[PDB]
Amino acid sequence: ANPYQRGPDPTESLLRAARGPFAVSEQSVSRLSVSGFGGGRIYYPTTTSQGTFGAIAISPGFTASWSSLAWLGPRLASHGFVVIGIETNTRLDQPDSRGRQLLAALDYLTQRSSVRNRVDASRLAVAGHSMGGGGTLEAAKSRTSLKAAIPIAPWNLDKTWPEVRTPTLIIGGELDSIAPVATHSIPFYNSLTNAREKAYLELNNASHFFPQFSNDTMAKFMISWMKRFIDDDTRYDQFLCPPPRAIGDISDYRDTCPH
(Lines of atoms letter the chains of each structure in order from A and count residues from 1; the text may use other names and numbers.)
(Lines give C-alpha, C1' and ligand atoms only; values in the text may rest on other atoms or scores of the structure.)
Protein backbone atom coordinates (compact mmCIF):
# COMPACT_ATOMS: atom_id res chain seq x y z
CA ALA A 1 0.00 0.00 0.00
CA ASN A 2 2.98 2.30 0.65
CA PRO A 3 4.72 2.20 -2.75
CA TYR A 4 8.08 3.05 -1.11
CA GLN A 5 8.03 0.31 1.53
CA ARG A 6 10.88 -2.19 1.20
CA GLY A 7 12.03 -5.26 3.05
CA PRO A 8 10.67 -7.44 5.83
CA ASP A 9 8.67 -6.36 8.84
CA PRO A 10 11.44 -5.05 11.11
CA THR A 11 12.79 -6.25 14.45
CA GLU A 12 15.52 -5.17 16.84
CA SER A 13 17.68 -8.04 15.61
CA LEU A 14 17.29 -7.08 11.94
CA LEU A 15 18.44 -3.54 12.77
CA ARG A 16 21.43 -4.62 14.85
CA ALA A 17 22.87 -7.14 12.37
CA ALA A 18 25.99 -6.23 10.41
CA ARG A 19 23.98 -6.18 7.16
CA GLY A 20 20.34 -5.69 6.32
CA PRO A 21 18.46 -7.93 3.90
CA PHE A 22 19.85 -6.67 0.53
CA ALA A 23 23.11 -7.67 -1.12
CA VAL A 24 25.15 -4.55 -1.89
CA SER A 25 27.01 -3.48 -5.02
CA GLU A 26 29.52 -0.62 -5.13
CA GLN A 27 30.88 1.89 -7.64
CA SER A 28 33.88 4.20 -7.27
CA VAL A 29 33.50 7.84 -8.32
CA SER A 30 36.90 9.27 -9.27
CA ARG A 31 37.79 12.82 -8.29
CA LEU A 32 38.77 13.21 -11.97
CA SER A 33 35.15 12.57 -13.09
CA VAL A 34 33.07 15.10 -11.10
CA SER A 35 32.97 18.74 -10.07
CA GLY A 36 31.34 20.18 -6.96
CA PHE A 37 32.66 17.43 -4.65
CA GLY A 38 35.72 15.23 -4.45
CA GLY A 39 34.26 12.01 -5.79
CA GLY A 40 33.57 9.14 -3.42
CA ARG A 41 31.85 5.78 -3.43
CA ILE A 42 28.30 4.67 -4.24
CA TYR A 43 26.73 1.69 -2.47
CA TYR A 44 23.40 0.30 -3.66
CA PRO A 45 21.19 -2.80 -3.36
CA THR A 46 22.04 -5.12 -6.24
CA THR A 47 18.43 -6.09 -6.81
CA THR A 48 16.05 -3.93 -8.84
CA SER A 49 13.07 -6.26 -8.59
CA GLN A 50 11.62 -4.58 -5.48
CA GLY A 51 11.61 -1.07 -6.99
CA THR A 52 13.76 2.03 -6.80
CA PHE A 53 15.25 3.24 -3.51
CA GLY A 54 15.75 6.55 -1.78
CA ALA A 55 19.28 7.89 -1.50
CA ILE A 56 21.53 9.53 1.09
CA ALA A 57 24.73 11.53 0.67
CA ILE A 58 27.17 11.32 3.58
CA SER A 59 30.11 13.63 4.40
CA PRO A 60 33.13 12.94 6.62
CA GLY A 61 34.55 15.58 8.95
CA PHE A 62 37.45 18.05 9.03
CA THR A 63 40.81 16.39 8.16
CA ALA A 64 39.04 13.14 7.25
CA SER A 65 38.43 10.95 4.23
CA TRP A 66 35.35 8.90 3.42
CA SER A 67 37.18 5.86 4.81
CA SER A 68 36.56 7.30 8.30
CA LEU A 69 32.84 6.44 7.83
CA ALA A 70 33.04 3.71 5.20
CA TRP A 71 31.34 1.01 7.28
CA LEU A 72 28.12 3.01 6.86
CA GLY A 73 28.13 2.47 3.09
CA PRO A 74 27.39 -1.24 2.96
CA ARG A 75 25.50 -1.24 6.25
CA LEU A 76 22.96 1.43 5.28
CA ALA A 77 22.72 0.37 1.64
CA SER A 78 21.94 -3.21 2.67
CA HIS A 79 18.70 -1.99 4.27
CA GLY A 80 17.51 -0.68 0.90
CA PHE A 81 19.11 2.69 0.18
CA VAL A 82 21.52 4.12 -2.34
CA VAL A 83 24.42 5.71 -0.41
CA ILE A 84 26.93 8.16 -1.90
CA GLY A 85 29.77 8.69 0.56
CA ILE A 86 31.81 11.70 -0.48
CA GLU A 87 35.36 12.88 -0.38
CA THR A 88 35.41 16.65 -0.01
CA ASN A 89 37.22 19.06 -2.34
CA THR A 90 39.85 19.42 0.41
CA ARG A 91 40.09 17.86 3.85
CA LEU A 92 39.82 21.33 5.40
CA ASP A 93 36.52 22.43 3.87
CA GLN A 94 34.16 24.16 6.31
CA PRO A 95 30.58 23.10 7.15
CA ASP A 96 28.85 25.42 4.67
CA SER A 97 31.05 24.09 1.85
CA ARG A 98 30.40 20.49 2.89
CA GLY A 99 26.65 21.20 2.65
CA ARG A 100 27.02 22.44 -0.95
CA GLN A 101 29.11 19.32 -1.74
CA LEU A 102 26.47 16.97 -0.30
CA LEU A 103 23.88 18.56 -2.58
CA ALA A 104 26.26 18.35 -5.55
CA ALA A 105 26.70 14.64 -4.82
CA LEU A 106 22.93 14.06 -4.73
CA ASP A 107 22.55 15.99 -8.00
CA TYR A 108 25.27 13.91 -9.62
CA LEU A 109 23.73 10.68 -8.33
CA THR A 110 20.28 11.44 -9.72
CA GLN A 111 21.17 13.41 -12.87
CA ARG A 112 24.30 11.82 -14.28
CA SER A 113 25.56 8.77 -12.38
CA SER A 114 25.32 5.35 -13.93
CA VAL A 115 23.01 4.19 -11.10
CA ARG A 116 20.56 7.09 -11.48
CA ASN A 117 17.78 4.79 -12.69
CA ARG A 118 17.90 2.87 -9.39
CA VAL A 119 17.30 6.05 -7.31
CA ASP A 120 13.98 7.73 -6.59
CA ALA A 121 15.04 11.35 -7.07
CA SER A 122 12.07 12.55 -4.98
CA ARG A 123 13.32 10.76 -1.81
CA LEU A 124 16.73 12.08 -0.86
CA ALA A 125 18.62 12.62 2.36
CA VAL A 126 21.85 13.87 3.92
CA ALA A 127 24.11 12.84 6.79
CA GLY A 128 27.62 13.45 7.98
CA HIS A 129 30.11 13.49 10.85
CA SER A 130 31.49 16.54 12.67
CA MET A 131 31.90 19.39 10.14
CA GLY A 132 30.10 16.99 7.79
CA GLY A 133 27.25 17.00 10.29
CA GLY A 134 27.35 20.78 10.23
CA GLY A 135 27.18 20.49 6.46
CA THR A 136 24.18 18.15 6.76
CA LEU A 137 22.31 21.01 8.45
CA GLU A 138 23.48 23.46 5.77
CA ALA A 139 22.22 21.14 3.02
CA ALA A 140 18.83 20.78 4.71
CA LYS A 141 18.65 24.56 5.12
CA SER A 142 19.25 24.99 1.38
CA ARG A 143 17.03 22.13 0.09
CA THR A 144 13.83 21.89 2.10
CA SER A 145 12.59 18.99 -0.04
CA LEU A 146 15.12 16.61 1.53
CA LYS A 147 13.21 13.82 3.27
CA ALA A 148 15.70 13.11 6.09
CA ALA A 149 18.80 14.64 7.66
CA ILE A 150 21.14 12.94 10.16
CA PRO A 151 23.90 15.16 11.61
CA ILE A 152 26.32 12.90 13.51
CA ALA A 153 28.37 14.57 16.28
CA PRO A 154 27.81 17.77 14.26
CA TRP A 155 30.10 20.78 14.48
CA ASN A 156 28.99 24.19 13.25
CA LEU A 157 29.48 27.79 14.41
CA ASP A 158 26.00 28.49 12.97
CA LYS A 159 23.77 27.47 15.87
CA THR A 160 20.25 28.12 14.53
CA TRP A 161 18.39 26.30 11.76
CA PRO A 162 14.88 27.81 11.41
CA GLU A 163 14.71 27.18 7.64
CA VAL A 164 15.02 23.40 8.04
CA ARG A 165 11.76 21.59 7.27
CA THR A 166 13.30 18.12 6.87
CA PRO A 167 12.83 15.44 9.58
CA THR A 168 16.16 15.63 11.41
CA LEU A 169 17.82 13.15 13.79
CA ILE A 170 20.91 14.52 15.58
CA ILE A 171 23.16 11.83 17.09
CA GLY A 172 25.48 13.22 19.75
CA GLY A 173 28.20 11.80 21.96
CA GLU A 174 27.66 12.57 25.63
CA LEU A 175 31.38 13.11 26.31
CA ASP A 176 32.30 14.75 22.98
CA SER A 177 35.02 17.34 23.64
CA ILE A 178 35.44 18.43 20.00
CA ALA A 179 31.81 19.27 19.18
CA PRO A 180 30.42 19.31 22.73
CA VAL A 181 26.71 18.54 22.73
CA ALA A 182 25.96 21.48 25.03
CA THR A 183 27.30 23.94 22.45
CA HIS A 184 26.68 22.15 19.11
CA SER A 185 24.16 19.25 18.95
CA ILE A 186 21.69 20.44 21.58
CA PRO A 187 21.50 24.10 20.47
CA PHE A 188 21.04 22.86 16.88
CA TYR A 189 18.24 20.55 18.02
CA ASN A 190 16.40 23.25 19.95
CA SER A 191 16.70 25.63 16.99
CA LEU A 192 14.91 23.27 14.55
CA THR A 193 11.62 25.08 15.13
CA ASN A 194 10.20 24.25 11.69
CA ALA A 195 11.46 20.71 11.15
CA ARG A 196 8.44 18.52 10.48
CA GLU A 197 9.74 16.03 13.07
CA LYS A 198 13.05 15.79 14.93
CA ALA A 199 14.91 13.72 17.49
CA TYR A 200 18.11 13.88 19.51
CA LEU A 201 19.89 10.62 20.36
CA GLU A 202 22.74 11.00 22.87
CA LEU A 203 25.14 8.07 23.18
CA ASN A 204 26.19 7.42 26.77
CA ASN A 205 29.88 8.04 27.55
CA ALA A 206 30.67 8.44 23.82
CA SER A 207 33.49 10.57 22.39
CA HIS A 208 33.52 12.57 19.15
CA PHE A 209 34.83 9.50 17.31
CA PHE A 210 31.99 7.06 17.96
CA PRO A 211 30.94 6.97 14.26
CA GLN A 212 34.41 5.82 13.11
CA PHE A 213 33.57 2.30 14.35
CA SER A 214 30.55 0.11 13.65
CA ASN A 215 28.02 1.05 16.32
CA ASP A 216 24.81 -0.99 16.42
CA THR A 217 22.71 1.50 18.40
CA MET A 218 23.77 4.38 16.14
CA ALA A 219 22.95 2.28 13.07
CA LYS A 220 19.60 1.15 14.48
CA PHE A 221 18.36 4.69 14.90
CA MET A 222 19.86 5.98 11.62
CA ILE A 223 18.21 3.11 9.71
CA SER A 224 14.91 3.59 11.51
CA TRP A 225 14.86 7.34 10.83
CA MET A 226 15.80 6.79 7.19
CA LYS A 227 13.07 4.16 6.77
CA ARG A 228 10.43 6.23 8.52
CA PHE A 229 11.10 9.45 6.63
CA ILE A 230 12.80 8.60 3.31
CA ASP A 231 10.42 5.69 2.68
CA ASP A 232 7.40 6.87 4.75
CA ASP A 233 7.77 3.42 6.34
CA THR A 234 5.57 3.64 9.42
CA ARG A 235 6.62 0.12 10.45
CA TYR A 236 9.83 1.70 11.73
CA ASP A 237 7.98 4.12 14.06
CA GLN A 238 7.90 1.34 16.60
CA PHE A 239 11.58 2.10 17.32
CA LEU A 240 11.14 5.91 17.53
CA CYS A 241 7.76 6.49 19.28
CA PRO A 242 7.44 6.16 22.21
CA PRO A 243 11.06 7.25 22.58
CA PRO A 244 13.59 4.73 23.94
CA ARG A 245 14.43 4.99 27.62
CA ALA A 246 17.65 6.80 28.53
CA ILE A 247 19.41 3.74 29.96
CA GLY A 248 22.41 1.67 28.98
CA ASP A 249 24.05 3.10 25.90
CA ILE A 250 21.54 5.99 25.58
CA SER A 251 22.18 8.91 27.94
CA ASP A 252 19.39 11.09 26.48
CA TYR A 253 16.68 10.98 23.85
CA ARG A 254 14.46 13.88 22.81
CA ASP A 255 11.52 13.47 20.46
CA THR A 256 8.52 14.99 18.72
CA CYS A 257 6.24 11.95 18.90
CA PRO A 258 3.75 11.35 17.40
CA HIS A 259 5.15 11.36 13.86
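Residue indices: 1-based, along the sequence shown.
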_Between the two ranges 245-253 and 232-240, the one averaging a larger CA B factor in the entry_ = 245-253
_Among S114, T136, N156, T168 - the residue whose C-alpha B-factor is largest in the record_ = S114
_Selection by C-alpha B-factor (highest) of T110, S130, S177, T90_ = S177
*Thinking about Cα B factors across the chain, which third does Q27 belong to?*
highest
*Name the third of the chain's ranked CA B-factors that contains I223, choosing lowest, middle or highest.*
middle
*Taking the chain's C-alpha temperature factors as the reference, tell me which third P162 falls into: lowest, middle or highest.*
highest
*What third of its chain, lowest, middle or highest, does the C-alpha temperature factor of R98 fall into?*
lowest
_Going by the CA temperature factor in the PDB record, which third of the chain does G38 belong to: lowest, middle or highest?_
highest
